[PDB]
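Residue numbers (full-length UniProt numbering), protein chains in the order written: chain A, 62 to 183; chain B, 62 to 360, 392 to 608; chain C, 548 to 608. From the three backbone atoms N, C-alpha and C, an ideal C-beta is built for every residue, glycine too.
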Amino acid sequence: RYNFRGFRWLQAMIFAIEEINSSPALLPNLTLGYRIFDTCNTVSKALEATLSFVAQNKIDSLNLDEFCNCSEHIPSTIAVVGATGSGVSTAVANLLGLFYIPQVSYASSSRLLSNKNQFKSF
Amino acid sequence: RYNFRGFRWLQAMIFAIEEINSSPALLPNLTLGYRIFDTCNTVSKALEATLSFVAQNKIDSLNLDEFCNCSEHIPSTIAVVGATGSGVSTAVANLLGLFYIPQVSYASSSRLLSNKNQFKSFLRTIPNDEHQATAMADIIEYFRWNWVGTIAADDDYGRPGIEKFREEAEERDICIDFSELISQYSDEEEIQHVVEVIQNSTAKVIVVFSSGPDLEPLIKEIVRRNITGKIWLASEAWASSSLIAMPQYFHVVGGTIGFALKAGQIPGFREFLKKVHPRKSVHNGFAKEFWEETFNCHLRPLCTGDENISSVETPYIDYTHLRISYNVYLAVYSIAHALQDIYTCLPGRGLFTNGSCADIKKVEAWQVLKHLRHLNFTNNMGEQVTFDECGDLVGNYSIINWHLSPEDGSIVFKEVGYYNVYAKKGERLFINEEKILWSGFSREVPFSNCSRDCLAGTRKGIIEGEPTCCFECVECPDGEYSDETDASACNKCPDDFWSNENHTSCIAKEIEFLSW
Amino acid sequence: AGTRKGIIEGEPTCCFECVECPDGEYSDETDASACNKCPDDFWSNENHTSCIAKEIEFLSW
Ligand SMILES: *[C@@H]1O[C@H](CO)[C@@H](O[C@@H]2O[C@H](CO)[C@@H](O)[C@H](O)[C@H]2NC(C)=O)[C@H](O)[C@H]1NC(C)=O
Ligand SMILES: *[C@@H]1O[C@H](CO)[C@@H](O[C@@H]2O[C@H](CO)[C@@H](O)[C@H](O)[C@H]2NC(C)=O)[C@H](O)[C@H]1NC(C)=O
Ligand SMILES: O=C(O)[C@@H]1Cc2c([nH]c3ccccc23)CN1
Ligand SMILES: O=C(O)[C@@H]1Cc2c([nH]c3ccccc23)CN1
Ligand SMILES: *[C@@H]1O[C@H](CO)[C@@H](O)[C@H](O)[C@H]1NC(C)=O
Ligand SMILES: *[C@@H]1O[C@H](CO)[C@@H](O)[C@H](O)[C@H]1NC(C)=O
Ligand SMILES: *[C@@H]1O[C@H](CO)[C@@H](O)[C@H](O)[C@H]1NC(C)=O
Ligand SMILES: *[C@@H]1O[C@H](CO)[C@@H](O)[C@H](O)[C@H]1NC(C)=O
Ligand SMILES: *[C@@H]1O[C@H](CO)[C@@H](O)[C@H](O)[C@H]1NC(C)=O
Ligand SMILES: [Ca+2]
Ligand SMILES: [Ca+2]
Ligand SMILES: [Ca+2]
Ligand SMILES: [Ca+2]
Ligand SMILES: [Ca+2]
Ligand SMILES: [Ca+2]
Numbered sequence: 062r063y064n065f066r067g068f069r070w071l072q073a074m075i076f077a078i079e080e081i082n083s084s085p086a087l088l089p090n091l092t093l094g095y096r097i098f099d100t101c102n103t104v105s106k107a108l109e110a111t112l113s114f115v116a117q118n119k120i121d122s123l124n125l126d127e128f129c130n131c132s133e134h135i136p137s138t139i140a141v142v143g144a145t146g147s148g149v150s151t152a153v154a155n156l157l158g159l160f161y162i163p164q165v166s167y168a169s170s171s172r173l174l175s176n177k178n179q180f181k182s183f
Numbered sequence: 062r063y064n065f066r067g068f069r070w071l072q073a074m075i076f077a078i079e080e081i082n083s084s085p086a087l088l089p090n091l092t093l094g095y096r097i098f099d100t101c102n103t104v105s106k107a108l109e110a111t112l113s114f115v116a117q118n119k120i121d122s123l124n125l126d127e128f129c130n131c132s133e134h135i136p137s138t139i140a141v142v143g144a145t146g147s148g149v150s151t152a153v154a155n156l157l158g159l160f161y162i163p164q165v166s167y168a169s170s171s172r173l174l175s176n177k178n179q180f181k182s183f184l185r186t187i188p189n190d191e192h193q194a195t196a197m198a199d200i201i202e203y204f205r206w207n208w209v210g211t212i213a214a215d216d217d218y219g220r221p222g223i224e225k226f227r228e229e230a231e232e233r234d235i236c237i238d239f240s241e242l243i244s245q246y247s248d249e250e251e252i253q254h255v256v257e258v259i260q261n262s263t264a265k266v267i268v269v270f271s272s273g274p275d276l277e278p279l280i281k282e283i284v285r286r287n288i289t290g291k292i293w294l295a296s297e298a299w300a301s302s303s304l305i306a307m308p309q310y311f312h313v314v315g316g317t318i319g320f321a322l323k324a325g326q327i328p329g330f331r332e333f334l335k336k337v338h339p340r341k342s343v344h345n346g347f348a349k350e351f352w353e354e355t356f357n358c359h360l392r393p394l395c396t397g398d399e400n401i402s403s404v405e406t407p408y409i410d411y412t413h414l415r416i417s418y419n420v421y422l423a424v425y426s427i428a429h430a431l432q433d434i435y436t437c438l439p440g441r442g443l444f445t446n447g448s449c450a451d452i453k454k455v456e457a458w459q460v461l462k463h464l465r466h467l468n469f470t471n472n473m474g475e476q477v478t479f480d481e482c483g484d485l486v487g488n489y490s491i492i493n494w495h496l497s498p499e500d501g502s503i504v505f506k507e508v509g510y511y512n513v514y515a516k517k518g519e520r521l522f523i524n525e526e527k528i529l530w531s532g533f534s535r536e537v538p539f540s541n542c543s544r545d546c547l548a549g550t551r552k553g554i555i556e557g558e559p560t561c562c563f564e565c566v567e568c569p570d571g572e573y574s575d576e577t578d579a580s581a582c583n584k585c586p587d588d589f590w591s592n593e594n595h596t597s598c599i600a601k602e603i604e605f606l607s608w
Numbered sequence: 548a549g550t551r552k553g554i555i556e557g558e559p560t561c562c563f564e565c566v567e568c569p570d571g572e573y574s575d576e577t578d579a580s581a582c583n584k585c586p587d588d589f590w591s592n593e594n595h596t597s598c599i600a601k602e603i604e605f606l607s608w
């Protein structure tokens, strides 16, 4: 199915980023980019997107006794905006707080995400 | 903290793999390898291990337009055995089912992992926890209690079980006074509040869906304040925990009634356990710390290397039954039997398109998942093992009691009954009350009703703001009679009859006239 | 008023019946869980809503 409200939210994020870039007072001489994916209200899609986000930290993983390298020009995401559902946000929060990447949600409101022992960067 | 039971489970997995390798009948000319990590009962470590597992499936990931590179030395994990916690299992299962890697757990029992619209590749050798909550309700109903309390862990294991117990209890006219949530990281204020809630109640029986590491702070605080005279109904997670079944806690947690899984037989397992050595174990890197903690040495005095394992009493060998270890054994054998069923595929009977078969030399994870979904094999003891449409394996329960040891002074786990999950509803619970020692020493069943039952000649009356179980009885009025105990209202006598002085029955009226 | 609440078995406390108070007791207000045995020298109405002083009987001039 197609969600027009979700596309409006995506447009809101893009609009905010562009307005930050145009303004000369907030972060002079610095530009903000973005990499925005669709979750389809499903954990699997959001987890694929999160793996894309943390590929660099996968390169920086410690468990692997043998090194692995990816494309150098792959950007390292500083912070993530999302997501809507609480289960999606829980899974994404696990993966992101594995690497201490801030994640600011806009519609997840479950109390289980108020635990800073499990969700450090949420 | 070091867990010797977990190291025993790891050794059980290694033993099963080696036994399968030695066996010529199972997987001829094929050798099984392994890669085993430590979760530390934490989601983060398990997720790092899972990332290491899927490092090779992540090569052909669509989310990245660019191409990632991984060394060929990194192997491809075909299946995973783990894990213990239900939250840990959920976190691992997300990533594993992202790539259709089968995952067979041995201790996770949350019902939330039965949903296959989220957890595509998940299997269990331990039964689901609906039956355990129903069995706790059956026990409470059997011993004729109606006024109980509930404690649960704030995770994926405690909450669904406590909810199932709540609904099953309200179906059976059982009233729950309090319900609290505890965690391993609960502040002093939270523990104090829960302890105060326990004190303020008058309900002796308390039902706990939790684990040892999560129940430890509450038990410690209760022992610190000496809150005795409580009846504890344990779930399988902490009914046999070494962190709660410690003798100096006995006066608080004596006479506890709990659940246990049906044990199993692994011939030759103890001999494999006793052969551990830090130097001989090159594949097993967890032997060094195990040895250091066993003999309190550092290889603090050094380790001579000539110590005997049996000299130190640890859960590594100081055990009686093998229940979770049998689950690990069954998990490994189930994966091996799926691989064998792949290896013996007839050309026109495959599970795949047009009856095609897989190639065991280039077998893939999803094919093994398909074969696990249709698995049917016979155990060493001689039982059939299949998984349902949700990947569950149903089994019996043994109801145990916490007694004291006359010789050692430790805590014994006597068997006082069984719960047969295969029987019809209402004929599943069996208990020998002649062996239960309430509070560890007593021989009379404790009383755990809100209010006392009221005898003939009275009727119940509502106490405002309190549940149905709590009531105050008022004597029957003149003319009405009450011939039952715990009656909602006084029955009225027929014509030409009037109530006794007791109102238990009613006599016939007298007739007065001037007589001869 | 005049009737007290009664327990229905197998139902929560929110669900109740109600029955008239016995002769000698009354129920002035609603949501009453009991009927008051009101003091000496007093009996109940025919509707058990309040109390009436008992009639004193003796030979009168
Ligand atoms: C669960 O427990 C019940 C009762 O303990 C088992 O039923 C018994 O099975 C044995 C044979 O294994 C019979 O000799 C008994 O007569 C049975 N008792 C009954 C029916 O009350 C049942 O087999 C167990 N389930 C298992 C082992 O999967
Ligand atoms: C506590 O309350 C329970 C109510 O659930 C009482 O159980 C009843 O016991 C009588 C005994 O004759 C049975 O006839 C009823 O059927 C039971 N009610 C049930 C099972 O719902 C129990 O007896 C009470 N405790 C005491 C000590 O009387
Ligand atoms: O946490 C959650 O699941 C909900 C999801 C949600 C909320 N508000 C919404 C509006 C539109 C679509 C979805 C939502 C509140 N937080
Ligand atoms: O789902 C869970 O978390 C529990 C954990 C658990 C169970 N049984 C155990 C025995 C020992 C240690 C841990 C456990 C039951 N499933
Ligand atoms: C316990 O009861 C006392 C006495 O009424 C009260 O002061 C206290 O707040 C109660 N505590 C809890 C946790 O209910
Ligand atoms: C705790 O209570 C038990 C039983 O009442 C008693 O035997 C024991 O001495 C108590 N210990 C303390 C420290 O109060
Ligand atoms: C599993 O195999 C046994 C034969 O040992 C058979 O009796 C049983 O019906 C089979 N179960 C299923 C579900 O195929
Ligand atoms: C009424 O109760 C008294 C007190 O126990 C008893 O002695 C008497 O027999 C009872 N009357 C009956 C049961 O008719
Ligand atoms: C008693 O109450 C009834 C209401 O059911 C009323 O109709 C009647 O007049 C009352 N009788 C009195 C107050 O004497
Ligand atoms: Ca700017
Ligand atoms: Ca979403
Ligand atoms: Ca674990
Ligand atoms: Ca334990
Ligand atoms: Ca109340
Ligand atoms: Ca009911």
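Candidates the options: closest to residue i by CA position
{"i": "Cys-565/B", "options": "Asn-472/B, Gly-571/B, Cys-542/B, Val-513/B", "result": "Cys-542/B"}
{"i": "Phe-76/B", "options": "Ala-196/B, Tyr-425/B, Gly-222/B, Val-256/B", "result": "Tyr-425/B"}
{"i": "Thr-151/B", "options": "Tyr-218/B, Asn-82/B, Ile-223/B", "result": "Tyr-218/B"}
{"i": "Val-266/B", "options": "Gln-476/B, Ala-348/B, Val-314/B", "result": "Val-314/B"}
{"i": "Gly-94/A", "options": "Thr-100/A, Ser-122/A, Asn-82/A", "result": "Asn-82/A"}
{"i": "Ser-262/B", "options": "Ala-110/B, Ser-240/B, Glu-127/B, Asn-594/B", "result": "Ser-240/B"}
{"i": "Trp-208/B", "options": "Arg-544/B, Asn-594/B, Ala-548/B", "result": "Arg-544/B"}
{"i": "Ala-198/B", "options": "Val-165/B, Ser-296/B, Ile-243/B", "result": "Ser-296/B"}
{"i": "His-413/B", "options": "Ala-306/B, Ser-301/B, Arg-340/B", "result": "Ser-301/B"}
{"i": "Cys-585/B", "options": "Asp-578/B, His-595/B, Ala-579/B", "result": "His-595/B"}
{"i": "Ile-97/A", "options": "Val-141/A, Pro-89/A, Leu-88/A, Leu-91/A", "result": "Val-141/A"}
{"i": "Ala-196/B", "options": "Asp-484/B, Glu-228/B, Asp-121/B", "result": "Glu-228/B"}
{"i": "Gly-222/B", "options": "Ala-73/B, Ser-147/B, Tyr-421/B", "result": "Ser-147/B"}
Identified DSSP bridge partners for residue i
{"i": "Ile-212/B", "result": "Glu-241/B, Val-269/B"}
{"i": "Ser-591/B", "result": "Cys-598/B"}
{"i": "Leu-394/B", "result": "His-359/B"}
Closer than 8 Å at the beta carbon, the chain A residues around residue i
{"i": "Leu-173/B", "result": "Within chain A, no residue comes near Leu-173/B; the closest Cβ sits about 10 Å away, beyond 8 Å."}
{"i": "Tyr-246/B", "result": "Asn-178"}
{"i": "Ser-132/B", "result": "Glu-127, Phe-128, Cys-129"}
Neighbour list for residue i in chain B, Cβ cutoff strictly below 8 Å
{"i": "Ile-135/A", "result": "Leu-125, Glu-127"}
{"i": "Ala-144/A", "result": "Those within 8 Å of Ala-144/A in chain B number zero; the least Cβ separation is about 14 Å."}
Nearest-angstrom beta carbon gap, residue j and residue i [assumed within contact, 8 Å]
{"i": "residue 4/A", "j": "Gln-117/A", "result": "As displayed, chain A neither begins before 62 nor continues past 183, which places residue 4/A out of reach and without an answer."}
{"i": "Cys-562/B", "j": "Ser-574/B", "result": "The pair is not a contact, with the Cβ atoms about 20 Å apart (cut-off 8 Å)."}
{"i": "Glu-109/B", "j": "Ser-122/A", "result": "7 Å"}
Partners in chain A for residue i, counting only beta-carbon separations shorter than 7 Å
{"i": "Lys-119/B", "result": "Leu-112"}
{"i": "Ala-116/B", "result": "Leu-125, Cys-129"}
{"i": "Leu-156/B", "result": "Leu-108"}
Partner residues on chain B for residue i, Cβ-Cβ distance less than 9 Å
{"i": "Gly-553/C", "result": "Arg-551, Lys-552, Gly-553, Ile-554, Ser-580, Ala-581"}
{"i": "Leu-159/A", "result": "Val-104, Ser-105, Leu-108, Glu-109, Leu-112"}
{"i": "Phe-563/C", "result": "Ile-554"}
Partner residues on chain B for residue i, Cβ-Cβ distance less than 7 Å
{"i": "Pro-559/C", "result": "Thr-560"}
Amino acids of chain C, ordered along the chain, whose beta-carbon sits closer than 8 Å to that of residue i
{"i": "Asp-234/B", "result": "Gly-557"}
Within chain A, partners of residue i - CB distance below 9 Å
{"i": "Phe-98/B", "result": "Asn-124"}
{"i": "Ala-348/B", "result": "Chain A residues near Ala-348/B: none, gap ~18 Å exceeds 9 Å."}
Below 7 Å from a heavy atom of ligand 12 - residues by beta-carbon: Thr-100/B, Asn-102/B, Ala-107/B, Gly-143/B, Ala-144/B, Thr-145/B, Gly-146/B, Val-149/B
Can you pull every residue whose C-beta falls closer than 5 Å to some heavy atom of ligand 13, listed in chain order? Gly-273/B, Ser-302/B, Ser-303/B
Which residues count as close to ligand 9 when the rule is a CB under 7 Å from any of its heavy atoms, in chain order? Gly-549/C, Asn-592/C, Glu-593/C, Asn-594/C, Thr-596/C
Using only Cβ atoms and a threshold of 5 Å, which residues come within that distance of a heavy atom of ligand 5? Order them by chain position. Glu-257/B, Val-258/B, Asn-261/B
Measuring from each Cβ to the nearest heavy atom of ligand 6, keep the ones under 7 Å and list them in chain order. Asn-287/B, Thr-289/B, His-312/B
Any heavy atom of ligand 7 nearer than 7 Å to the CB - residues listed: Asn-468/B, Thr-470/B, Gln-476/B, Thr-478/B
Which residues count as close to ligand 14 when the rule is a CB under 7 Å from any of its heavy atoms, in chain order? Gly-557/B, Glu-558/B
Nearest-residue set for ligand 2, Cβ under 5 Å from any heavy atom: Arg-205/B, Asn-207/B, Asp-234/B, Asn-541/B, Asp-545/B
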